[PDB]
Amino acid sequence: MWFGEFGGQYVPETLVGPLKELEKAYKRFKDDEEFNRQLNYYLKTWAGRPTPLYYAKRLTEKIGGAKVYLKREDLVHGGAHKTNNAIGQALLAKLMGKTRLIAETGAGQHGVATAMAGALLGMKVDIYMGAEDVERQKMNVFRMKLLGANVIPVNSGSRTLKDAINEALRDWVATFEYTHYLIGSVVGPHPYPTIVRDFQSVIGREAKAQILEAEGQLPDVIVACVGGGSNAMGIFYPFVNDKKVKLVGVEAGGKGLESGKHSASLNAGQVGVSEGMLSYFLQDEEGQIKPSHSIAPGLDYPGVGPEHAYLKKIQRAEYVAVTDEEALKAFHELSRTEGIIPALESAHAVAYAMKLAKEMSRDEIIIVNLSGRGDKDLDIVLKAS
């Protein structure tokens, strides 16, 4: 419920009941033998876990500083960390006796992850999507249909994510008995931020074994991009009780923090209650929540996860930002130098890691979370160049 001062269940009473039933179910299963047999089985044979830790010999040498390892979540089925959470929640839903999954997306990336997992486990999938976002993302709409998901287009309101979240939360309230609401990131009302981190913490447990195998010591610094902060919490959480290990989140700097068009909640954001949780959001002079901007659609969220806010206060994790032009720089450089086309989201985490590598010694170690592959971001990089 509470990561220090941040978190909670700040929702209407009609949602409070379901969330308690989810809370009760998650407790029963999260340590159950058969739930973890099934989950680990699918994560292995379907998703292709474990994912490798890659030493970037060329990139490390070009910089001349600390050794740069890349945790390759780009190689997971679907091409993003998002799959670990979708399988977990979709399986939990199946054992809870649910027959249907709902989710929300504008990009399409989380609906595809939700669709894939629904099809795996033989559940119905309805994905609420704004009619504006549908036109702009026709291939992810087609993917979802190919996967047997129903995309319900939302012509009510601004026809965007906001209205799709409203139409979706409306559905869950009614249908919770048989339907599960699969949340993308470590955001929203408890218990969602806890469950999503628990299903993404496989990244760090693997990274830990793999860096101790590769180098015979824990890493000096771990870098991860932060939209809502599922992948960062994934690769952070198991290294939390290792004081030596510095955790760095990279938010979207956008055009610049002084410019207004950014998504850096933990930098220039203010404490509020939105979308079920108490955390940092982006706000103007008045109390209103402002639009966010990032060239990476994944980092384009005004909010940040409550656990990341908690980690920023106690100074266990620093939180920095990277410009769109710096991210595109690192997108091109990793492609040329490692033959790995990263996600624009992961391009941010890369961009900083190269800066931090120069300043550190060749004996030292940087692990960078490569959250996904950039096949989905090829159009955006073309237009930008």
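Start at 1 with the first residue shown and count on from there.
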{"property": "Of 183-191 and 153-161, the one with larger mean CA B-factor", "result": "153-161"}
{"property": "Between the two ranges 76-84 and 137-145, the one averaging a larger CA B factor in the entry", "result": "137-145"}
{"property": "Given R316, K44, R37, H332, the residue at which the Cα B factor reaches its maximum", "result": "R316"}
{"property": "Selection by C-alpha B-factor (highest) of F199, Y178, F236, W172", "result": "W172"}
{"property": "Record-listed C-alpha B factor of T60: chain third", "result": "middle"}
{"property": "Ranked C-alpha temperature factor of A327 among modelled chain residues, by third", "result": "highest"}
{"property": "Third assignment of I340 from its chain's C-alpha B-factors", "result": "lowest"}
{"property": "Chain-wide C-alpha B factor ranking for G122, given as lowest, middle or highest third", "result": "lowest"}
{"property": "Third of the chain's Cα B-factor distribution that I366 belongs to, per the entry", "result": "middle"}
